[PDB]
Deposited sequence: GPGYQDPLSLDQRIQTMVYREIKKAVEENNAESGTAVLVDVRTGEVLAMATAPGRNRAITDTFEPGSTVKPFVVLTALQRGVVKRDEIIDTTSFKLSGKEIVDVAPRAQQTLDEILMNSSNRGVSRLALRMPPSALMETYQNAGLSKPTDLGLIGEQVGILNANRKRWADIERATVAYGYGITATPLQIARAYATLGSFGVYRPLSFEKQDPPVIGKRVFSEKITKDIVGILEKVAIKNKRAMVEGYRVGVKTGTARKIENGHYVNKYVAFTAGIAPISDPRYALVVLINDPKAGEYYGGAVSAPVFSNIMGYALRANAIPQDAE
């Protein structure tokens, strides 16, 4: 825990909450190299939510890792239905690359990849990243766009730390810690490095989360809050990401409850900076 950073996170969240007149916000900064929680801060008047788009990079990872898609493959992102429910896209296209699916955050892109794979495939991938009898065709899809499932910011932070280490799952430490650290390798180095690459492109196309000096990789989404074991028709904005792309040091999750839409992105950019610039992390942009 960096108190210089923790005090800065606690201020940045307050601004974001009161500025967006949100019900509450949360931010978590995990050190990629050690798994120590550098900053954890919440603006009272860590609750669970739907991971949503945050899981999508892990679906592309899994599909490449399973060899059920070729890296340069064009996916059919034209409308379709599973168990009678239509898969909807925010930014529909006809044909998408894997790069475009994370970039366009297409539910269809990821839904198709899931149905190229046993349901076990994504379930192993979530368990590995720490997000922890025959499946209906819609259930096989929703999980792939992180609908119908639960998560916490620390869970997303760790997960995103697992990208940063290029596939090495290091458990979270509250206690101060120094490299090197024992950690189970759970994802291909080459393919995780590559997804972090695609995350960069997401960060670029959505300018609001980028950081002056540094290269920053991010996923940004909306999903239902999960109160007392159920989904309530109340929204959460999150951006999750790692930086600096070239040698990741920080996994950061930002969550704001009930903003009153790319509103968590600029809160990431500010906290990712004051953290990188405050610990003298060589620029790479």
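Taken in order along the deposited sequence, the stretches absent from the coordinates are 1-9, 55-59, 147-165, 294-299, 325.
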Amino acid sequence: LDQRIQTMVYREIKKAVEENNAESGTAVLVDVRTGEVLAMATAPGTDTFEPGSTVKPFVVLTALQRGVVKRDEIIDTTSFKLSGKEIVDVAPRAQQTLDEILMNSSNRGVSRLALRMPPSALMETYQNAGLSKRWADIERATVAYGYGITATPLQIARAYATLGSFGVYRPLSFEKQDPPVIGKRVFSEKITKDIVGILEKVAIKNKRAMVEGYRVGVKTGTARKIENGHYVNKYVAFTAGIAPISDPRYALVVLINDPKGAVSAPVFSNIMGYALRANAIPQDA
From here on, numbers count along this sequence of modelled residues.
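The PDB entry reports B-factors from which the mean C-alpha value can be compared for 152-160 and 77-85; the larger average falls on 77-85. The PDB entry reports B-factors from which the mean C-alpha value can be compared for 58-66 and 215-223; the larger average falls on 215-223. The residue among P244, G52, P259, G241 whose C-alpha carries the highest B-factor in the deposited model is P259. Sorting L102, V186, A94, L113 by the CA temperature factor given in the entry leaves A94 at the top. Remark: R108 belongs to the middle third of its chain, ranked by C-alpha B-factor as recorded.
The PDB entry assigns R170 a C-alpha temperature factor belonging to the lowest third of its chain's modelled residues. The entry lists a Cα temperature factor for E36 that places it in the middle third of the chain's modelled residues. Looking at the C-alpha B-factors along this chain, the one for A121 belongs to the lowest third. Ranked by C-alpha B-factor against the other modelled residues of its chain, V236 falls in the middle third.
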